[PDB]
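Here is how the chains run, residue by residue.
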Amino acid sequence: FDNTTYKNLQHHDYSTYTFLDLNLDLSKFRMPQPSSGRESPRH
Amino acid sequence: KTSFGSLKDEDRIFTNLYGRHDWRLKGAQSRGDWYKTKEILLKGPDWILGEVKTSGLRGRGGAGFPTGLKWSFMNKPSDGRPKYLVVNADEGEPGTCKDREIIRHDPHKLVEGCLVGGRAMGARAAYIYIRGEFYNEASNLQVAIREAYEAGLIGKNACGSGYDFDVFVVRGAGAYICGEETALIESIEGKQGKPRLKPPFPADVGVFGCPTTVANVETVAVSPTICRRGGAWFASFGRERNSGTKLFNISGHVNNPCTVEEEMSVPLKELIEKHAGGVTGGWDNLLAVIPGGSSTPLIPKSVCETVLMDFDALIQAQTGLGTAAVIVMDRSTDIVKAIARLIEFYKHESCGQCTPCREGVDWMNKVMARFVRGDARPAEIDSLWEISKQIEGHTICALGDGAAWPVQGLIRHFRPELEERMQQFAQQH
Amino acid sequence: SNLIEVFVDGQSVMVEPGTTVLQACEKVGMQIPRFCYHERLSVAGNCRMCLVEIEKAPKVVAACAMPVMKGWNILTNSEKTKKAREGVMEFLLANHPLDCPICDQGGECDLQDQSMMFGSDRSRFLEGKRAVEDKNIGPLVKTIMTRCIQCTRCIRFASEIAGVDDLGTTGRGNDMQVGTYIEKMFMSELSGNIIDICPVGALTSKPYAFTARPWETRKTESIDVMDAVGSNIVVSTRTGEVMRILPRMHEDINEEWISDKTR
Amino acid sequence: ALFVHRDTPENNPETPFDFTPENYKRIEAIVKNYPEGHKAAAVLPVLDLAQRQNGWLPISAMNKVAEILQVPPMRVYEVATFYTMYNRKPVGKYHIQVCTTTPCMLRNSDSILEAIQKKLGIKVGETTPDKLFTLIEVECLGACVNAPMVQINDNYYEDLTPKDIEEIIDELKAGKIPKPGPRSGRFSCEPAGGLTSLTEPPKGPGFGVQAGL
Ligand SMILES: Cc1cc2nc3c(=O)[nH]c(=O)nc-3n(C[C@H](O)[C@H](O)[C@H](O)COP(=O)(O)O)c2cc1C
Ligand code: SF4
Ligand code: SF4
Ligand code: SF4
Ligand code: FES
Ligand code: FES
Ligand SMILES: [K+]
């Protein structure tokens, strides 16, 4: 058991598209979205 | 109980607050997260809401509303629209940085809280609105969410309970006002972060016009542990109607500014010296404390001597717990300049939608700037007090109140300083 | 059967559910002051001039947006209501420009008139005022946007009545500005109606500019012949000359709008 | 800063901008996060993505976002001018953002701001002639217990002193990127000079679980 070091070092290597790459990576898991029934409020 | 604030480590909820253990799924599980999540989900929303109610949990976002009752507005038959949980991670209140630590060091507690809290509300998904400056924190949360998806803890058949739940992360673009619950919803919908009038309340017409509950990160993140250990365990900490543990941020003029978890109702002096290492220059050097973020009125040293940190105690002290972000100011502080900077902050953050804050807060900012230099007359102090009362209670959202209260606190306890500055300026001109 | 009972200053009124506090007051002939509210636009609730006290309620409510509850007693003339109106009016006038003599709205201005009736009689604003640059939106509507009180009536009219999403707010806080952001012309066949709905002299008729004051015009109620709709109009004349054309409300024909050719 | 747009040679509707093909894949995933019929919800993330590709937002970038999501251009201009993180004019390679609100002001954020201005030879709100750094002040960045602090692009640098901020600039100016986080010796938000809580090993699964679950 160590309590002396910092275990949150991954974010030192994050890049400009890191957040959006993960979001794209997650699309395969999402349940199908619900539909309001039209294309947009102006349709 | 009469004394509070010697919380044991075994009773602490955010056990990776300092990021000294693996923040990822393997470490989170080793620390008790995600344990028996299926059983909680199978107990049903009424059981989950019952636990949240008996814990006496209150909103940790700054308003302190009873969580169990608030979450119960969503327990109703579906009318065809989807139901959503929106988790507030906007963290904009100056002095407050607690939600940042949860998001980056205990992300799996927040994700599990979203599933448990979402189940009680009947929501199909959780939208986590995190401020856009927290880029690295948001990426940590997304990494944790990907881990949970791949282990089946969320998504279709979450934790094997047959409940489908998605967790989305949406980033802001730089607006303190987007922490307000209806402004947050409008921001998620792609508009300016301008609050909505109420009614309708979000539980009826919310994000995308659908039933919605907005919950602070800390309020959500503790819900799985309240369910596992029970509301009675949580309610055994702090005074009645002030239950549980709380994350505190001690910044300003203290030897060791820090974030720490402590029991609700701990003495303010006890908190500052046990955890922050005391006031810079010793307790006698203390001038004033803002006990709950920039929106709560300051209290002077005399009040700080014996005030407890909970919703009721600080209200009786003519302030509020707020986010429990303690800003400390010692005798070397220009107190007028310190508050003026907060009014300047609220001037920069006001959405501009409604008249008393769009015009009033900018007006108060101009008066405070002259008060800093002493370039005013003593009659203007009562004018400024009256102006702040014309903003409070007359605006769409509470940002207007949050700008008036700091001014009222300064006039309440530091009028002679304001008048002394005016004398100096007049004497020199 | 479906009506519920509310009180306006202790006077019982039966209203359908969904009726706002402002609408309930209209039923007893009391007109709540307003700026952002227009009965033909979506409810905005941003000017706060309609704040009114509900008996046994600590917080005043926006009468234009708040639906009335059973048994409420709306106190339209209480001290709490009067002080809310004075405070809101004080904030509206803090940055408003001293333009009345040169401003075409003068004499038929809702800001002037509600200041007289519901606001204080003096200023305690000791600072400098805001000033914003003007926007060119065409040859029909002159904009003096320092006079704008950010009521968003023009935005809501353009989007909802005219179906043109060209107007909006840019910026934040005290710097929030109504306009098009880019240089654009608001040239729609119903565009001239934003002159009427703008409560202040921020939007004014360019052809009409500086030619007359409201109190001196004679009003002839007449009919429009530029199309076959038959829009009801008022012809404003002075000393035997036609000065302008205004809409005349007719619910079954043109409501309270006219086309730009008619105007 | 002005909240009206005037066309110029460097920033007009014909200024060239389009998302890269890879960024169109990222846009598709963004739009799928929201209910069908509510694509306007993607304005903020997509507008921010256009900035992450181009560095700032020309009016042509705002027009493209409106076109892709089928929203009126004015509704995108409203968002772009409402949120402070959108750069409506070019910024330097390194956008230095110094928090100067009261919690940071109490811990001497003015010294940090003066240190940066002295080193870069620019005033707050300016860009260096090399166009490597832009300097501005910002409101609370949510790291008050680590004051004084700055944000450079996506990274926080906290517990700063004039010496520490000069080293960070020297590293960015030298092509390297410095490590984010506190520079005072501590790792994150724990009190300096030793922990006061969470000193014992955390309990394991099932600890303190109520009966009947
Ligand atoms: C100007 C303003 C900013 C706010 N910012 C936050 C915030 O950053 N985080 C938060 O949880 N609540 C914030 N709130 C409070 C929320 O509106 C809301 O009360 C809270 O998120 C409800 O969640 P809770 O019951 O768990 O506290 C803010 C309110 C105002 C008026
Ligand atoms: S009080 Fe201020 S921030 Fe809140 S809606 Fe009104 S103008 Fe916007
Ligand atoms: S809009 Fe009304 S109050 Fe303002 S300058 Fe014109 S006439 Fe005077
Ligand atoms: S220009 Fe006139 S109608 Fe439009 S927001 Fe300003 S005051 Fe209201
Ligand atoms: S008329 Fe009700 S807030 Fe404007
Ligand atoms: S006051 Fe600077 S990070 Fe909060
Ligand atoms: K007008």
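Residues numbered from 1 in each chain as written, not as in the entry; some residues may be left out. Chains lettered and ligands numbered in written order. Part of a larger assembly, values for the part shown. Heavy atoms only, no water.

Method information in the entry identifies cryo-EM as the source of the structure, with 2.4 Å recorded as the resolution.

> Is there a simple way to think about empty space enclosed by the protein in this case?
Using a probe with the size of a water molecule, rolled over the atoms, empty space left in the structure can be pinpointed. Residues and elements named next belong to chain D. The final tally for this structure, using the stated rule, is 8 cavities of 30 Å³ or more. For the largest cavity, the calculated volume is near 150 Å³. It is helix 2 (residues 43–54) that provides the largest number of residues to the lining of the largest cavity, a total of 4 residues. Of the residues contributing to the lining of the largest cavity, the split by class is 10 nonpolar, 4 polar and 3 charged. (1 Å grid on protein atoms, 1.4 Å probe; cavity = no way out; pocket = protein on both sides within 12 Å on 5 of 7 lines; lining within 4 Å. Points joined across faces, edges and corners; volume = space filled by probe spheres on them. Helix = DSSP H or I, 4+ residues; strand = E, 2+ residues; numbered from the N terminus. Nonpolar A, V, L, I, M, F, W, Y, C, P; charged D, E, K, R; others polar.)

> Just checking my understanding: could you explain unusual backbone geometry for this structure?
Excluding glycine, residues mostly carry a negative phi; peptide bonds, for their part, are mostly trans. In this model, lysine 198 of chain B is joined to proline 199 of chain B through a cis peptide bond whose omega is 0°. Along the chain, the position of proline 199 of chain B falls in the loop between helix 8 (181–188) and strand 4 (212–216). With an omega of -5°, the peptide bond running from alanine 147 of chain D to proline 148 of chain D counts as cis. Here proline 148 of chain D is to be found in the loop between strand 2 (133–138) and strand 3 (150–152). Positive phi, close to 55°, is recorded for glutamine 150 of chain C, a residue that is not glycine. Along the chain, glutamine 150 of chain C falls in the loop between strand 6 (141–143) and helix 4 (153–160). Overall, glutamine 150 of chain C belongs to the buried group, its relative accessible area being 4%. Positive phi is not limited to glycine here, since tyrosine 181 of chain C has a value of about 70°. Mapping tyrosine 181 of chain C onto the fold places it in the loop between strand 8 (177–179) and helix 5 (193–197). (Buried < 20%, exposed > 50% of the residue type's maximum accessible area, 1.4 Å probe, protein only.)

> Got a minute to help me understand the coordination of the potassium ion (ligand 7) in this structure?
Four donors placed tetrahedrally around a metal ideally meet at 109.5 degrees, and six donors placed octahedrally ideally meet at 90 or 180 degrees. Residues and elements named next belong to chain C. Protein ligation of the potassium ion (ligand 7) involves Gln105 (OE1), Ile195 (O), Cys198 (O), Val200 (O) and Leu203 (O), the donor distances falling in the range 2.7 to 3.0 Å. Binding-site remark: the potassium ion (ligand 7) is held by donors from one chain whose sequence spacing is Q-x89-I-x2-C-x1-V-x2-L. Taken together, the residues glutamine 105 in the loop between helix 2 (79–94) and helix 3 (110–118) and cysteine 198 in the loop between helix 5 and strand 9 (203–205) connect sequence positions 93 residues apart. One exposure class covers both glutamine 105 and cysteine 198, and it is buried. (Donors = N, O, S within 2.8 Å, 3.2 Å for Na, K, Ca; no water.)

> Help me understand the site of ligand 4 in this model?
Taken together, 13 residues sit near ligand 4, with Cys148, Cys151, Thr152, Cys154 and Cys198 of chain C positioned nearest. In terms of residue class, the shell around ligand 4 is made up of 10 nonpolar, 2 polar and 1 charged. (Near = heavy atom within 4 Å.)

> Could you clarify how one ought to interpret a nonpolar patch on the surface in this entry?
On the surface, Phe65, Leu69 and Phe73 of chain B cluster together to form a nonpolar patch covering roughly 320 Å² of accessible area. Inspection of the secondary structure assignment puts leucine 69 of chain B in helix 4 (residues 67–72). (Patch = residues over 30% accessible without salt bridge, like charges linked within 9 Å, V, L, I, M, F, W, Y side chains within 5 Å. Areas by Shrake-Rupley, 256 points an atom, 1.4 Å probe, with all protein chains shown as cover. Salt bridge = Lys/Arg side-chain N within 4 Å of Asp/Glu carboxyl O.)

> When you look at the interface of chain D and chain B in this model, what are you seeing that I'm missing?
By a widespread convention, an interface's size corresponds to the accessible area lost as its parts come together. On the side of chain B, 86 residues touch chain D, which itself brings 62 residues to the contact. When chain D packs against chain B, the two sides together hide about 6,000 Å² of surface, and 60% of this comes from carbon and sulfur. Its largest share of buried area at the contact with chain B, chain D owes to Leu106, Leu198 and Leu213 of chain D, together 12% of the area lost on that side. Summed over the shared surface of chain D and chain B, the result is 4 salt bridges. Its salt-bridge partner being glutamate 158 of chain D, residue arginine 100 of chain B comes within 2.9 Å of it at the nearest N-O pair. Where chain D meets chain B, there are 30 residue pairs in polar contact. Breaking the side of chain D that touches chain B down by element, the ones donating at least two residues are helix 2, helix 4 (73–82), helix 5 (102–106) and strand 4 (155–158) of chain D. Per-class residue counts for the side of chain D that touches chain B are 32 nonpolar, 19 polar and 11 charged. (Contact = heavy atoms within 4.5 Å. Buried area = accessible area lost by both parts, 1.4 Å probe. Polar contact = N/O pair within 3.5 Å; in protein donor to acceptor, adjacent residues only side chain to side chain.)

> What's the story with the side chain of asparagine 33 of chain D in this structure? I'm lost.
Looking at the secondary structure, you find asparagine 33 of chain D in the loop between helix 1 (21–31) and helix 2. Of the residues examined, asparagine 33 of chain D reaches a relative accessible area of 4% and is grouped as buried.

> Would you take a moment to explain the pattern of salt bridges for this structure?
Between side chains of opposite charge, pairing is possible as soon as their charged atoms come close. Evaluation of the coordinates by the stated rule reveals 70 salt bridges over all chains. A salt bridge links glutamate 218 of chain B to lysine 246 of chain B, with the shortest nitrogen-to-oxygen separation between them at 3.1 Å. On the criterion of sequence distance, the pair formed by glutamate 218 of chain B in helix 9 (residues 217–229) and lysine 246 of chain B in strand 5 (residues 245–252) is long-range, its members being 28 residues apart. For the pair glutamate 218 of chain B and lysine 246 of chain B, a shared accessibility class is recorded, and that class is buried. One salt bridge in this structure joins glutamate 392 of chain B and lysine 389 of chain B, with 2.9 Å as the shortest N-O distance. Linked by salt bridges that have partners in common, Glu39, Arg40, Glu251, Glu255 and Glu256 of chain C make up one network.

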